>>> print(open('start_14.cif').read())   # mmCIF, N, CA and C atoms
data_protein
#
loop_
_atom_site.group_PDB
_atom_site.id
_atom_site.type_symbol
_atom_site.label_atom_id
_atom_site.label_comp_id
_atom_site.auth_asym_id
_atom_site.auth_seq_id
_atom_site.Cartn_x
_atom_site.Cartn_y
_atom_site.Cartn_z
ATOM 1 N N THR A 1 7.797 -8.185 6.021
ATOM 2 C CA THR A 1 8.048 -8.024 4.591
ATOM 3 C C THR A 1 6.810 -7.505 3.866
ATOM 4 N N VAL A 2 5.626 -7.996 4.246
ATOM 5 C CA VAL A 2 4.378 -7.504 3.658
ATOM 6 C C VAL A 2 4.180 -6.023 3.975
ATOM 7 N N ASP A 3 4.466 -5.630 5.218
ATOM 8 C CA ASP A 3 4.382 -4.218 5.591
ATOM 9 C C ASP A 3 5.367 -3.374 4.786
ATOM 10 N N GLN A 4 6.577 -3.896 4.568
ATOM 11 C CA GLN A 4 7.555 -3.204 3.733
ATOM 12 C C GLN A 4 7.055 -3.059 2.300
ATOM 13 N N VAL A 5 6.380 -4.090 1.784
ATOM 14 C CA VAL A 5 5.805 -4.031 0.440
ATOM 15 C C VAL A 5 4.761 -2.926 0.353
ATOM 16 N N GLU A 6 3.888 -2.839 1.360
ATOM 17 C CA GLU A 6 2.862 -1.798 1.354
ATOM 18 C C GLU A 6 3.479 -0.406 1.460
ATOM 19 N N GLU A 7 4.523 -0.261 2.282
ATOM 20 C CA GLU A 7 5.221 1.020 2.370
ATOM 21 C C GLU A 7 5.868 1.389 1.041
ATOM 22 N N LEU A 8 6.444 0.401 0.350
ATOM 23 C CA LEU A 8 7.027 0.648 -0.965
ATOM 24 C C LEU A 8 5.968 1.084 -1.967
ATOM 25 N N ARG A 9 4.787 0.463 -1.924
ATOM 26 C CA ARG A 9 3.706 0.855 -2.828
ATOM 27 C C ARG A 9 3.225 2.277 -2.544
ATOM 28 N N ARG A 10 3.104 2.637 -1.263
ATOM 29 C CA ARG A 10 2.685 3.993 -0.914
ATOM 30 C C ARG A 10 3.727 5.025 -1.336
ATOM 31 N N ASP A 11 5.011 4.719 -1.135
ATOM 32 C CA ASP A 11 6.062 5.616 -1.607
ATOM 33 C C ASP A 11 6.062 5.699 -3.128
ATOM 34 N N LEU A 12 5.740 4.589 -3.797
ATOM 35 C CA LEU A 12 5.657 4.571 -5.253
ATOM 36 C C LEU A 12 4.571 5.511 -5.757
ATOM 37 N N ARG A 13 3.381 5.456 -5.150
ATOM 38 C CA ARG A 13 2.305 6.327 -5.621
ATOM 39 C C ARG A 13 2.547 7.786 -5.236
ATOM 40 N N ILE A 14 3.165 8.037 -4.076
ATOM 41 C CA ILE A 14 3.512 9.408 -3.703
ATOM 42 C C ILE A 14 4.531 9.989 -4.680
ATOM 43 N N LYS A 15 5.559 9.208 -5.027
ATOM 44 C CA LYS A 15 6.550 9.683 -5.984
ATOM 45 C C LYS A 15 5.977 9.775 -7.392
ATOM 46 N N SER A 16 4.966 8.964 -7.715
ATOM 47 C CA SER A 16 4.274 9.119 -8.991
ATOM 48 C C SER A 16 3.535 10.451 -9.056
ATOM 49 N N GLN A 17 2.847 10.818 -7.970
ATOM 50 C CA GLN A 17 2.205 12.129 -7.909
ATOM 51 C C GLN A 17 3.233 13.250 -8.017
ATOM 52 N N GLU A 18 4.375 13.093 -7.339
ATOM 53 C CA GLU A 18 5.435 14.094 -7.418
ATOM 54 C C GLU A 18 5.989 14.212 -8.835
ATOM 55 N N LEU A 19 6.167 13.079 -9.521
ATOM 56 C CA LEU A 19 6.659 13.102 -10.894
ATOM 57 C C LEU A 19 5.670 13.789 -11.824
ATOM 58 N N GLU A 20 4.374 13.509 -11.658
ATOM 59 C CA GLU A 20 3.371 14.174 -12.486
ATOM 60 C C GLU A 20 3.353 15.678 -12.232
ATOM 61 N N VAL A 21 3.473 16.086 -10.964
ATOM 62 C CA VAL A 21 3.491 17.510 -10.631
ATOM 63 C C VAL A 21 4.717 18.190 -11.236
ATOM 64 N N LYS A 22 5.889 17.558 -11.113
ATOM 65 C CA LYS A 22 7.107 18.137 -11.671
ATOM 66 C C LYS A 22 7.075 18.165 -13.194
ATOM 67 N N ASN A 23 6.463 17.162 -13.826
ATOM 68 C CA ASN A 23 6.337 17.169 -15.279
ATOM 69 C C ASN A 23 5.397 18.273 -15.744
ATOM 70 N N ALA A 24 4.310 18.509 -15.004
ATOM 71 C CA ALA A 24 3.433 19.635 -15.317
ATOM 72 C C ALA A 24 4.163 20.963 -15.147
ATOM 73 N N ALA A 25 4.987 21.075 -14.101
ATOM 74 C CA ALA A 25 5.779 22.285 -13.899
ATOM 75 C C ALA A 25 6.774 22.495 -15.037
ATOM 76 N N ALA A 26 7.414 21.418 -15.497
ATOM 77 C CA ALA A 26 8.346 21.521 -16.617
ATOM 78 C C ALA A 26 7.627 21.897 -17.908
ATOM 79 N N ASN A 27 6.428 21.348 -18.123
ATOM 80 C CA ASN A 27 5.643 21.709 -19.300
ATOM 81 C C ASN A 27 5.240 23.178 -19.263
ATOM 82 N N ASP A 28 4.896 23.687 -18.077
ATOM 83 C CA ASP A 28 4.618 25.114 -17.937
ATOM 84 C C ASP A 28 5.870 25.950 -18.177
ATOM 85 N N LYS A 29 7.025 25.472 -17.711
ATOM 86 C CA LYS A 29 8.282 26.194 -17.860
ATOM 87 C C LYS A 29 8.896 26.051 -19.247
ATOM 88 N N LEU A 30 8.320 25.220 -20.112
ATOM 89 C CA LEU A 30 8.792 25.076 -21.489
ATOM 90 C C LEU A 30 8.699 26.400 -22.244
ATOM 91 N N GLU A 31 16.062 27.554 -16.784
ATOM 92 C CA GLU A 31 14.783 27.433 -16.095
ATOM 93 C C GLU A 31 13.986 26.245 -16.621
ATOM 94 N N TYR A 32 14.575 25.514 -17.561
ATOM 95 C CA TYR A 32 13.961 24.319 -18.125
ATOM 96 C C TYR A 32 14.858 23.095 -18.052
ATOM 97 N N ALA A 33 16.172 23.266 -18.225
ATOM 98 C CA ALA A 33 17.084 22.126 -18.177
ATOM 99 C C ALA A 33 17.180 21.548 -16.770
ATOM 100 N N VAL A 34 17.161 22.409 -15.749
ATOM 101 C CA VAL A 34 17.200 21.935 -14.368
ATOM 102 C C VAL A 34 15.944 21.138 -14.042
ATOM 103 N N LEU A 35 14.783 21.618 -14.499
ATOM 104 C CA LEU A 35 13.545 20.877 -14.292
ATOM 105 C C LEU A 35 13.533 19.568 -15.071
ATOM 106 N N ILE A 36 14.124 19.553 -16.269
ATOM 107 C CA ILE A 36 14.236 18.314 -17.039
ATOM 108 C C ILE A 36 15.092 17.300 -16.287
ATOM 109 N N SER A 37 16.223 17.757 -15.740
ATOM 110 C CA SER A 37 17.097 16.874 -14.973
ATOM 111 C C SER A 37 16.402 16.359 -13.717
ATOM 112 N N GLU A 38 15.656 17.229 -13.031
ATOM 113 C CA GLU A 38 14.922 16.808 -11.842
ATOM 114 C C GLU A 38 13.853 15.776 -12.184
ATOM 115 N N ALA A 39 13.121 15.996 -13.280
ATOM 116 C CA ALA A 39 12.097 15.046 -13.699
ATOM 117 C C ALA A 39 12.712 13.709 -14.093
ATOM 118 N N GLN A 40 13.860 13.739 -14.775
ATOM 119 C CA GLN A 40 14.530 12.497 -15.152
ATOM 120 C C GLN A 40 15.044 11.748 -13.928
ATOM 121 N N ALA A 41 15.570 12.474 -12.937
ATOM 122 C CA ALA A 41 16.017 11.829 -11.705
ATOM 123 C C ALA A 41 14.848 11.204 -10.950
ATOM 124 N N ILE A 42 13.714 11.909 -10.888
ATOM 125 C CA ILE A 42 12.533 11.361 -10.227
ATOM 126 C C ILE A 42 12.014 10.141 -10.983
ATOM 127 N N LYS A 43 12.070 10.176 -12.318
ATOM 128 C CA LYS A 43 11.639 9.030 -13.114
ATOM 129 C C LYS A 43 12.555 7.828 -12.909
ATOM 130 N N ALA A 44 13.866 8.061 -12.808
ATOM 131 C CA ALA A 44 14.795 6.964 -12.542
ATOM 132 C C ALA A 44 14.575 6.377 -11.151
ATOM 133 N N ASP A 45 14.325 7.236 -10.159
ATOM 134 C CA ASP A 45 14.011 6.749 -8.819
ATOM 135 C C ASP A 45 12.712 5.952 -8.815
ATOM 136 N N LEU A 46 11.716 6.406 -9.580
ATOM 137 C CA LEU A 46 10.462 5.669 -9.696
ATOM 138 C C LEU A 46 10.666 4.321 -10.375
ATOM 139 N N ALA A 47 11.531 4.267 -11.390
ATOM 140 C CA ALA A 47 11.832 2.995 -12.041
ATOM 141 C C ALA A 47 12.522 2.032 -11.081
ATOM 142 N N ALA A 48 13.456 2.540 -10.271
ATOM 143 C CA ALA A 48 14.108 1.694 -9.272
ATOM 144 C C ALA A 48 13.112 1.202 -8.226
ATOM 145 N N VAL A 49 12.205 2.080 -7.788
ATOM 146 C CA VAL A 49 11.188 1.696 -6.812
ATOM 147 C C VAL A 49 10.243 0.655 -7.405
ATOM 148 N N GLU A 50 9.881 0.812 -8.681
ATOM 149 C CA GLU A 50 9.017 -0.162 -9.340
ATOM 150 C C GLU A 50 9.715 -1.507 -9.503
ATOM 151 N N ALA A 51 11.019 -1.494 -9.795
ATOM 152 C CA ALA A 51 11.774 -2.744 -9.860
ATOM 153 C C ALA A 51 11.817 -3.431 -8.500
ATOM 154 N N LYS A 52 12.016 -2.653 -7.433
ATOM 155 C CA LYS A 52 11.992 -3.215 -6.084
ATOM 156 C C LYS A 52 10.619 -3.784 -5.744
ATOM 157 N N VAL A 53 9.553 -3.089 -6.148
ATOM 158 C CA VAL A 53 8.194 -3.559 -5.896
ATOM 159 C C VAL A 53 7.920 -4.852 -6.660
ATOM 160 N N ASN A 54 8.381 -4.932 -7.911
ATOM 161 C CA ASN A 54 8.209 -6.151 -8.698
ATOM 162 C C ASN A 54 8.970 -7.320 -8.082
ATOM 163 N N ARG A 55 10.195 -7.069 -7.612
ATOM 164 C CA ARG A 55 10.961 -8.107 -6.928
ATOM 165 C C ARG A 55 10.259 -8.559 -5.653
ATOM 166 N N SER A 56 9.692 -7.611 -4.903
ATOM 167 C CA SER A 56 8.969 -7.950 -3.683
ATOM 168 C C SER A 56 7.721 -8.775 -3.981
ATOM 169 N N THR A 57 6.994 -8.428 -5.045
ATOM 170 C CA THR A 57 5.810 -9.201 -5.410
ATOM 171 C C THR A 57 6.189 -10.603 -5.867
#
>>> encode(input="start_14.cif", output="structure tokens")
Amino acid sequence: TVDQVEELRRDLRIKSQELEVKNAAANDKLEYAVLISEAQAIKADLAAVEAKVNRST
């Protein structure tokens, strides 16, 4: 379970980097609605991952 927690944290920070990169891409593209939807989906996945991490902690 501890190993699973660490894997969840690593996936959380990797997806955080991905969300920041996609948000920068959307800001550059401000061809925009699709990027907005992708960023919102990544943010929702990050929120679910953070909820799982909080439950694990």
>>> resolve_selection(input="start_14.cif", expression="the PyMOL selection byres ((chain A and resi 52-57) around 8)", output="list in words")
residues 1, 4, 5, 8, 9, 46, 47, 48, 49, 50 and 51 of chain A
>>> write_last_selection(input="start_14.cif", atoms="N, CA and C atoms", output="PDB file, keeping the file's coordinate frame")
ATOM      1  N   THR A   1       7.797  -8.185   6.021  1.00  0.00           N
ATOM      2  CA  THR A   1       8.048  -8.024   4.591  1.00  0.00           C
ATOM      3  C   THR A   1       6.810  -7.505   3.866  1.00  0.00           C
ATOM      4  N   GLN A   4       6.577  -3.896   4.568  1.00  0.00           N
ATOM      5  CA  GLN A   4       7.555  -3.204   3.733  1.00  0.00           C
ATOM      6  C   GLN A   4       7.055  -3.059   2.300  1.00  0.00           C
ATOM      7  N   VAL A   5       6.380  -4.090   1.784  1.00  0.00           N
ATOM      8  CA  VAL A   5       5.805  -4.031   0.440  1.00  0.00           C
ATOM      9  C   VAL A   5       4.761  -2.926   0.353  1.00  0.00           C
ATOM     10  N   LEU A   8       6.444   0.401   0.350  1.00  0.00           N
ATOM     11  CA  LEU A   8       7.027   0.648  -0.965  1.00  0.00           C
ATOM     12  C   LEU A   8       5.968   1.084  -1.967  1.00  0.00           C
ATOM     13  N   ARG A   9       4.787   0.463  -1.924  1.00  0.00           N
ATOM     14  CA  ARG A   9       3.706   0.855  -2.828  1.00  0.00           C
ATOM     15  C   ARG A   9       3.225   2.277  -2.544  1.00  0.00           C
ATOM     16  N   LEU A  46      11.716   6.406  -9.580  1.00  0.00           N
ATOM     17  CA  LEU A  46      10.462   5.669  -9.696  1.00  0.00           C
ATOM     18  C   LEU A  46      10.666   4.321 -10.375  1.00  0.00           C
ATOM     19  N   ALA A  47      11.531   4.267 -11.390  1.00  0.00           N
ATOM     20  CA  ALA A  47      11.832   2.995 -12.041  1.00  0.00           C
ATOM     21  C   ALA A  47      12.522   2.032 -11.081  1.00  0.00           C
ATOM     22  N   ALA A  48      13.456   2.540 -10.271  1.00  0.00           N
ATOM     23  CA  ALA A  48      14.108   1.694  -9.272  1.00  0.00           C
ATOM     24  C   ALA A  48      13.112   1.202  -8.226  1.00  0.00           C
ATOM     25  N   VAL A  49      12.205   2.080  -7.788  1.00  0.00           N
ATOM     26  CA  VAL A  49      11.188   1.696  -6.812  1.00  0.00           C
ATOM     27  C   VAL A  49      10.243   0.655  -7.405  1.00  0.00           C
ATOM     28  N   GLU A  50       9.881   0.812  -8.681  1.00  0.00           N
ATOM     29  CA  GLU A  50       9.017  -0.162  -9.340  1.00  0.00           C
ATOM     30  C   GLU A  50       9.715  -1.507  -9.503  1.00  0.00           C
ATOM     31  N   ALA A  51      11.019  -1.494  -9.795  1.00  0.00           N
ATOM     32  CA  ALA A  51      11.774  -2.744  -9.860  1.00  0.00           C
ATOM     33  C   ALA A  51      11.817  -3.431  -8.500  1.00  0.00           C
TER      34      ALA A  51
END
>>> residues_around(input="start_14.cif", residues="region 35-43 of chain A", least_positions_apart="2", cutoff="6.5 Å", atoms="all atoms listed in the file", output="PyMOL selection string")
chain A and resi 19+22-23+26+31-33+45-48
>>> atom_distance(input="start_14.cif", atom1="atom C of residue 27 (chain A)", atom2="atom N of residue 12 (chain A)")
24.2 Å
>>> atom_distance(input="start_14.cif", atom1="CA of residue 24 (chain A)", atom2="CA of residue 11 (chain A)")
19.8 Å
>>> build_atoms(input="start_14.cif", residues="region 22-42 of chain A", atoms="N, CA, C and O atoms", output="mmCIF file, in the coordinates of the input")
data_model
loop_
_atom_site.group_PDB
_atom_site.id
_atom_site.type_symbol
_atom_site.label_atom_id
_atom_site.label_comp_id
_atom_site.auth_asym_id
_atom_site.auth_seq_id
_atom_site.Cartn_x
_atom_site.Cartn_y
_atom_site.Cartn_z
ATOM 1 N N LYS A 22 5.889 17.558 -11.113
ATOM 2 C CA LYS A 22 7.107 18.137 -11.671
ATOM 3 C C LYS A 22 7.075 18.165 -13.194
ATOM 4 O O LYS A 22 7.604 19.101 -13.802
ATOM 5 N N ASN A 23 6.463 17.162 -13.826
ATOM 6 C CA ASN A 23 6.337 17.169 -15.279
ATOM 7 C C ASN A 23 5.397 18.273 -15.744
ATOM 8 O O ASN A 23 5.650 18.918 -16.768
ATOM 9 N N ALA A 24 4.310 18.509 -15.004
ATOM 10 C CA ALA A 24 3.433 19.635 -15.317
ATOM 11 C C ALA A 24 4.163 20.963 -15.147
ATOM 12 O O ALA A 24 3.992 21.885 -15.956
ATOM 13 N N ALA A 25 4.987 21.075 -14.101
ATOM 14 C CA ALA A 25 5.779 22.285 -13.899
ATOM 15 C C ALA A 25 6.774 22.495 -15.037
ATOM 16 O O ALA A 25 6.964 23.623 -15.504
ATOM 17 N N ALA A 26 7.414 21.418 -15.497
ATOM 18 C CA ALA A 26 8.346 21.521 -16.617
ATOM 19 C C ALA A 26 7.627 21.897 -17.908
ATOM 20 O O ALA A 26 8.153 22.674 -18.715
ATOM 21 N N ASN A 27 6.428 21.348 -18.123
ATOM 22 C CA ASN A 27 5.643 21.709 -19.300
ATOM 23 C C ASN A 27 5.240 23.178 -19.263
ATOM 24 O O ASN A 27 5.227 23.852 -20.300
ATOM 25 N N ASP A 28 4.896 23.687 -18.077
ATOM 26 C CA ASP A 28 4.618 25.114 -17.937
ATOM 27 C C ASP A 28 5.870 25.950 -18.177
ATOM 28 O O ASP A 28 5.800 27.025 -18.784
ATOM 29 N N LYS A 29 7.025 25.472 -17.711
ATOM 30 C CA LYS A 29 8.282 26.194 -17.860
ATOM 31 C C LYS A 29 8.896 26.051 -19.247
ATOM 32 O O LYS A 29 9.919 26.690 -19.517
ATOM 33 N N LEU A 30 8.320 25.220 -20.112
ATOM 34 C CA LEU A 30 8.792 25.076 -21.489
ATOM 35 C C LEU A 30 8.699 26.400 -22.244
ATOM 36 O O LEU A 30 9.642 26.803 -22.926
ATOM 37 N N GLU A 31 16.062 27.554 -16.784
ATOM 38 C CA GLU A 31 14.783 27.433 -16.095
ATOM 39 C C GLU A 31 13.986 26.245 -16.621
ATOM 40 O O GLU A 31 12.860 25.998 -16.187
ATOM 41 N N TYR A 32 14.575 25.514 -17.561
ATOM 42 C CA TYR A 32 13.961 24.319 -18.125
ATOM 43 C C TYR A 32 14.858 23.095 -18.052
ATOM 44 O O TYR A 32 14.363 21.986 -17.832
ATOM 45 N N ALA A 33 16.172 23.266 -18.225
ATOM 46 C CA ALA A 33 17.084 22.126 -18.177
ATOM 47 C C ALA A 33 17.180 21.548 -16.770
ATOM 48 O O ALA A 33 17.273 20.326 -16.601
ATOM 49 N N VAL A 34 17.161 22.409 -15.749
ATOM 50 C CA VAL A 34 17.200 21.935 -14.368
ATOM 51 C C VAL A 34 15.944 21.138 -14.042
ATOM 52 O O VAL A 34 16.006 20.089 -13.390
ATOM 53 N N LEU A 35 14.783 21.618 -14.499
ATOM 54 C CA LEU A 35 13.545 20.877 -14.292
ATOM 55 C C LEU A 35 13.533 19.568 -15.071
ATOM 56 O O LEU A 35 12.993 18.568 -14.585
ATOM 57 N N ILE A 36 14.124 19.553 -16.269
ATOM 58 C CA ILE A 36 14.236 18.314 -17.039
ATOM 59 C C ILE A 36 15.092 17.300 -16.287
ATOM 60 O O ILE A 36 14.744 16.117 -16.186
ATOM 61 N N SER A 37 16.223 17.757 -15.740
ATOM 62 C CA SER A 37 17.097 16.874 -14.973
ATOM 63 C C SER A 37 16.402 16.359 -13.717
ATOM 64 O O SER A 37 16.536 15.181 -13.364
ATOM 65 N N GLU A 38 15.656 17.229 -13.031
ATOM 66 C CA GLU A 38 14.922 16.808 -11.842
ATOM 67 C C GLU A 38 13.853 15.776 -12.184
ATOM 68 O O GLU A 38 13.693 14.776 -11.473
ATOM 69 N N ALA A 39 13.121 15.996 -13.280
ATOM 70 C CA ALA A 39 12.097 15.046 -13.699
ATOM 71 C C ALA A 39 12.712 13.709 -14.093
ATOM 72 O O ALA A 39 12.160 12.650 -13.779
ATOM 73 N N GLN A 40 13.860 13.739 -14.775
ATOM 74 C CA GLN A 40 14.530 12.497 -15.152
ATOM 75 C C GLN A 40 15.044 11.748 -13.928
ATOM 76 O O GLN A 40 14.971 10.514 -13.874
ATOM 77 N N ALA A 41 15.570 12.474 -12.937
ATOM 78 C CA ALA A 41 16.017 11.829 -11.705
ATOM 79 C C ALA A 41 14.848 11.204 -10.950
ATOM 80 O O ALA A 41 14.961 10.086 -10.431
ATOM 81 N N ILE A 42 13.714 11.909 -10.888
ATOM 82 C CA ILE A 42 12.533 11.361 -10.227
ATOM 83 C C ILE A 42 12.014 10.141 -10.983
ATOM 84 O O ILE A 42 11.584 9.155 -10.375
#
